[PDB]
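Residue numbers (the authors' numbering), protein chains in the order written: chain A, 838 to 934; chain B, 693 to 741; chain C, 983 to 1030; chain D, 693 to 1127; chain E, 935 to 982; chain F, 597 to 692. Input: a single structure, listed below in structure tokens.
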Amino acid sequence: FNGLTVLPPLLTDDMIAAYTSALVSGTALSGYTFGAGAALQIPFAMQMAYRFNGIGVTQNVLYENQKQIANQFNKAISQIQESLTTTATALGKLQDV
Amino acid sequence: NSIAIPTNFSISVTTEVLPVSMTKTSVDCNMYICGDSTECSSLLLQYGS
Amino acid sequence: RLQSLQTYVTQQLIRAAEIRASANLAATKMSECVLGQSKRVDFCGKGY
Amino acid sequence: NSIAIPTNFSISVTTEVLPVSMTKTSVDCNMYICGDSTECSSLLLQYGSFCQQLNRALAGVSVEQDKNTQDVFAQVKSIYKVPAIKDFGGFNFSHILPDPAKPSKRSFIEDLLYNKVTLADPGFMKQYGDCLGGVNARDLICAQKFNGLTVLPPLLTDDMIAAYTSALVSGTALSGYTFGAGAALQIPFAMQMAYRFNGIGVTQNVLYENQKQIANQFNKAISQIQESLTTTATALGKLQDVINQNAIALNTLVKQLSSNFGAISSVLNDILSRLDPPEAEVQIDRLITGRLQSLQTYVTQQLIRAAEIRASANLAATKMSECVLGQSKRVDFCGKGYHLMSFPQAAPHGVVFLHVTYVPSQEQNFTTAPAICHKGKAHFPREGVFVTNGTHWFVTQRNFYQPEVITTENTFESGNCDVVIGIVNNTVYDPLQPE
Amino acid sequence: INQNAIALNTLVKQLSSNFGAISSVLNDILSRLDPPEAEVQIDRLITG
Amino acid sequence: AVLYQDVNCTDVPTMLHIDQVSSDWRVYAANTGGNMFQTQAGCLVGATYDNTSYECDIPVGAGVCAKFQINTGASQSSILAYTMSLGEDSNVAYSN
Ligand SMILES: *[C@@H]1O[C@H](CO)[C@@H](O[C@@H]2O[C@H](CO)[C@@H](O[C@@H]3O[C@H](CO[C@H]4O[C@H](CO)[C@@H](O)[C@H](O)[C@@H]4O)[C@@H](O)[C@H](O[C@H]4O[C@H](CO)[C@@H](O)[C@H](O)[C@@H]4O)[C@@H]3O)[C@H](O)[C@H]2NC(C)=O)[C@H](O)[C@H]1NC(C)=O
Ligand SMILES: *[C@@H]1O[C@H](CO)[C@@H](O[C@@H]2O[C@H](CO)[C@@H](O[C@@H]3O[C@H](CO)[C@@H](O)[C@H](O)[C@@H]3O)[C@H](O)[C@H]2NC(C)=O)[C@H](O)[C@H]1NC(C)=O
Ligand SMILES: *[C@@H]1O[C@H](CO)[C@@H](O[C@@H]2O[C@H](CO)[C@@H](O[C@@H]3O[C@H](CO)[C@@H](O)[C@H](O)[C@@H]3O)[C@H](O)[C@H]2NC(C)=O)[C@H](O)[C@H]1NC(C)=O
Ligand SMILES: *[C@@H]1O[C@H](CO)[C@@H](O[C@@H]2O[C@H](CO)[C@@H](O)[C@H](O)[C@H]2NC(C)=O)[C@H](O)[C@H]1NC(C)=O
Ligand SMILES: *[C@@H]1O[C@H](CO)[C@@H](O[C@@H]2O[C@H](CO)[C@@H](O)[C@H](O)[C@H]2NC(C)=O)[C@H](O)[C@H]1NC(C)=O
Ligand SMILES: *[C@@H]1O[C@H](CO)[C@@H](O[C@@H]2O[C@H](CO)[C@@H](O)[C@H](O)[C@H]2NC(C)=O)[C@H](O)[C@H]1NC(C)=O
Ligand SMILES: *[C@@H]1O[C@H](CO)[C@@H](O)[C@H](O)[C@H]1NC(C)=O
Ligand SMILES: *[C@@H]1O[C@H](CO)[C@@H](O)[C@H](O)[C@H]1NC(C)=O
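Okay, here's the thing in structure tokens:
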């Protein structure tokens, strides 16, 4: 009633989530080679091996304890949801603005 | 003469939130100021840009 | 009323500058942490 | 079970523009407000001290702009003479270094960059006869000076700025990046470029095998940069935008005097020509308040723009330090692909970076296995993975294709063949064959 | 530190100006003028 | 030292209004003993020009800076104007 209006954003919520879906899917298929150029197919087990190589750890340790690493990763991913549900202060900046 | 070497490892996942944008707004002077008034609109026009 | 509008516009400009800085930081982190592996300390969490 | 390995590479050159500074201005209250009026000057003096803050802020902004320019451009205190020859192992450094044919002190690309973007009013040497004291069509610049609005020239001239770029480019061709961390170290360019390929995980031998192709691609990209710049007119947008913003702000501030606010007339001479001072003070007060409000708004906007320019200049200086005086492994920080080297180029109120990168292409299809079992023991590769043609096995790199026979010095032995999944039968070359 | 101190001192010393009124002091204005006339004098000081 | 920005100091008398100022400005309005030299930003009055180059102390503009000298043997107590120095020169040559 006083000339104050709010304009909608150019990008919708569905379109934004498409970028995240493309980014996550690209990582599982190429790692980070698609960021510097074209995509390069690679098995995830071998892709994760060289991630351990970049931190100064030998490649053989991943193949010896692959199941434990996968179980820990899955447990952490599952616990992320529980931690988000149990708390209400992590998402504070967006509410503040 | 001593040294400590770890023998086990663990995988941890953490979260982080960063704002990217805020809301977009617009303001109309002729409506916020001098609401439905021709004389006030003329005075505001005389006031300047 | 003009003074109030000017104050609101100035505050909005300052907030926009702050949001611009935050968005630049977020974009840099996305580029250097998702499309690659970073060895910078405490840039992509705690640890390696 | 499959893997893709590129077999060819290409050299690409990209450009990037960052603003470094804006114009410097000054404002006089006694001239912008109460122009040639003793009574109005006395009233403004009675009003209070509302103008020293504006002058202090403007002086701080000017000093900040000068400091930003100095920090961005002046980083190394060593002037290196341009070499007489401009051909280092097939690489043509002709469009980046100044041409001794004419003492222009600028390279070929910098002249195009300067001529592409225009300026409002250069020189700052306008006298009587060039303003309304002589004859004009009421130009904006002379109108600004009639109300106390002036523009100050930058401390560093265009020729001096280009000297820093000439020294930086020449230093790279003679030492690489060793001069950034200390004294200069002479090195052939062919050997200098070899270790740039070594930092991106590619072996040194590939450069010597295809040096001519790399040089030709580099020269072609450098030549095509000029054509791309000529054919387009939107890459240099930020500098034009900031120049236009400053000009628009100054013009709006100049033209704001036409408004009379709540008084009877914008002109101050007629008010004192028909009303007594006891009645004229009320008329003058509102004009003074409005003009002071406009000045405050302009100063606040200038401060915000100065802060933004400061942030941009800090980013540009960091990029110059981390990309020209060295090699950076940060992703998408010096272009697209694997960064090799960068070349700085001067721009009006900004800087232009030329990034040379390494981009693999021409992928090929192959199959791979995790490990190799020789005799009850598992072998893991040291640098690369295992590839296969026609019931064979080899060890090669990832950024380039170069098969090699599997030996005991290429793979370390650890563990058994049971825990590892996907391991297959294969033999390992025995070093003790001729024995 | 000097900038903060200068800003505070300038804000403190800005009260000496009377703007378009007859006196910076507020006690004397209410000591010689009726409230209907004193309101106009007070308004400009408040705005400044 | 007074710098008259945005004017050619060949035309100071028609700009400074010599006939309507005190004699102190009449001193700073006459070209005697090389007290006026044209720069890129303006024309400085009241200072002496110098050759060579030194580090910048008092910024002026367009590559010109100023400094104060305290000389006893030459009895010089004026301001100097000079062009700032980019830096020292090196003689590194190329070799293959
Ligand atoms: C996957 O890619 C690999 C790349 O190495 C190929 O492996 C080679 O394949 C070629 C072609 O079949 C083989 O070459 C043949 O080798 C024999 C001669 O070997 C001499 O030299 C080796 C040392 O290098 C000694 O150990 C050996 O004792 C011999 O002294 C001969 O069988 C062949 O000679 C034929 O060609 C030559 C040249 O044209 C003629 O002059 C002869 O008359 C004759 O026709 C030939 O040279 C090579 O040995 C393979 N290397 C290995 C390590 O096995 C794979 O074939 C390829 N797979 C597919 C499916 O393409
Ligand atoms: C140190 O690292 C080793 C592996 O290198 C860990 O040993 C194994 O850890 C796994 C984790 O899942 C244990 O599995 C669990 O075991 C029991 C089985 O009854 C049960 O709690 C779960 O169902 C799960 O399967 C495994 O037993 C364990 N092995 C041994 C011999 O202890 C070890 O846990 C690491 N140390 C620490 C302190 O975490
Ligand atoms: C894959 O890389 C190889 C080199 O490792 C490239 O092969 C050679 O590429 C050069 C590029 O200049 C070709 O030169 C050109 O050849 C003809 C000669 O008539 C002509 O077009 C030009 O004058 C120039 O000299 C060269 O011929 C070529 N060699 C072969 C055998 O093809 C190859 O081009 C790269 N692949 C791609 C798709 O770029
Ligand atoms: C890799 O080679 C080993 C060693 O020869 C294989 O293990 C033996 O394979 C033979 C047949 O080649 C069987 O008769 C033996 O019983 C195996 N010995 C064991 C299991 O201890 C092994 O199978 C090979 N891996 C393959 C073919 O995937
Ligand atoms: C300031 O005045 C001097 C003296 O007249 C000018 O010096 C010459 O001016 C002419 C005419 O413009 C030029 O063609 C010459 O190149 C100048 N130099 C010499 C050594 O003769 C000077 O140009 C004037 N400056 C301005 C900005 O008008
Ligand atoms: C390195 O540069 C020197 C000159 O500084 C080259 O020496 C020339 O060698 C050629 C060989 O054909 C002679 O004809 C010339 O007379 C030499 N001098 C000059 C001034 O050209 C030397 O060849 C270069 N080295 C390499 C490997 O190219
Ligand atoms: C590689 O070869 C496999 C063989 O099964 C095929 O399925 C796959 O599409 C090929 N990949 C490419 C990129 O051609
Ligand atoms: C200073 O420079 C001027 C202009 O080139 C020259 O005439 C003069 O001789 C120089 N004085 C010296 C070097 O003492």
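Beta carbons are placed, not taken as given, at the ideal position from N, Cα and C, and that holds for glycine.
In this structure, the C-beta of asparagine 1081 of chain D approaches ligand 1 to less than 8 Å from one of its heavy atoms. In the structure shown, the three-state DSSP call for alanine 876 of chain D is coil.
One Cα belongs to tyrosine 690 of chain F, the other to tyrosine 772 of chain D, and the distance between them is close to 11 Å. Taking 8 Å as the cut-off between beta carbons, the residues of the stretch 843-869 of chain A near chain C are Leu860, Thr864 and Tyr869, in sequence order.
Relative to ligand 1, the beta carbon of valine 1097 of chain D is positioned inside 8 Å of a heavy atom. Chain E has a Cβ within less than 9 Å of the Cβ of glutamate 973 of chain D. Of the residues assessed, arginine 1090 of chain D falls on the buried side of the cut-off, its CB having 16 or more other CB atoms within 10 angstroms. If you draw a straight line from the Cα of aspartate 763 of chain D to the Cα of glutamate 971 of chain E, it is about 59 Å long.
Contact between the stretch 1069-1082 of chain D and the stretch 1026-1040 of chain D is absent, with fewer than three C-beta pairs closer than 8 Å.
Counting along the chain, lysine 947 of chain E sits inside the alpha helix (DSSP H) bounded by residues 936-947. For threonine 707 of chain D, no alpha helix (DSSP H) encloses it; the enclosing beta strand (DSSP E) starts and ends at 694-711. The CB of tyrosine 739 of chain B comes closer than 7 Å to the CB of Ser951 and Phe953 in chain D, given here in chain order. Within 10 angstroms of the beta-carbon of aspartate 850 of chain A lie fewer than 16 other beta-carbons, which makes it exposed. The C-beta of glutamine 616 of chain F comes no closer than 9 Å to any C-beta of chain D. The continuous alpha helix (DSSP H) containing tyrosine 990 of chain D extends over residues 969-1015. With the rule of 3 Cβ pairs closer than 8 Å, the stretch 981-999 of chain D counts as touching the stretch 933-950 of chain D. For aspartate 1024 of chain D, the secondary structure class from DSSP, reduced to helix, strand or coil, is coil. With contact defined as three or more Cβ pairs closer than 8 Å, the stretch 881-894 of chain D and the stretch 799-816 of chain D are not in contact.
Per DSSP, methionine 723 of chain B is one residue of the alpha helix (DSSP H) stretching across 721-724. At least one heavy atom of ligand 8 lies less than 8 Å from the C-beta of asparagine 647 of chain F. Contact of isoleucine 996 of chain C with chain B is not assigned, every C-beta pair being separated by 9 Å or more. Annotation for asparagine 647 of chain F: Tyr678 place their beta carbon closer than 8 Å to its own, counting only its chain and skipping 5 residues before and after. For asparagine 902 of chain D, the shortest separation between its Cβ and any heavy atom of ligand 3 lies below 8 Å.
Per the coordinates, the alpha-carbon of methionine 611 of chain F lies some 41 Å from the alpha-carbon of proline 790 of chain D. In the three-state DSSP reduction, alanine 886 of chain A falls in the helix class (H, G or I).
Nearest in C-alpha terms to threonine 981 of chain E, of all of D/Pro1052, D/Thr981 and D/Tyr990, is D/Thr981. Residues of the stretch 698-727 of chain B with a C-beta less than 8 Å from any C-beta of chain C: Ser704, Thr706, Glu708, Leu710, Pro711, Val712, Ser713, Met714, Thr717, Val719, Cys721, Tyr724 and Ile725, listed in chain order. Among the residues of chain C, those whose CB is under 9 Å from the CB of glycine 872 of chain A are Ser1013, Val1016, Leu1017 and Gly1018, following chain order. B/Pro711 is the residue among B/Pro711, B/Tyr724 and B/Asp720 whose C-alpha sits nearest the C-alpha of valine 934 of chain A. As the crow flies, the alpha-carbon of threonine 699 of chain B is around 19 Å from that of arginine 888 of chain A. With a threshold of 16 other beta carbon atoms within 10 Å, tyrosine 724 of chain D meets it and is buried.
Residue contact check for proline 655 of chain F against chain D: a CB pair falls below 9 Å.
Judged by beta-carbon spacing, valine 898 of chain D lies within the 9 Å limit of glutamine 1094 of chain D, meaning their Cβ atoms are closer than that value. For the pair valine 1016 of chain D and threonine 864 of chain D, the CB atoms are nearer than the 9 Å cut-off. Distance between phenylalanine 881 of chain D and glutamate 684 of chain F, taken at the CA atoms: about 25 Å. Boundaries of the beta strand (DSSP E) harbouring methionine 1033 of chain D: 1030-1039, taken from the DSSP string.
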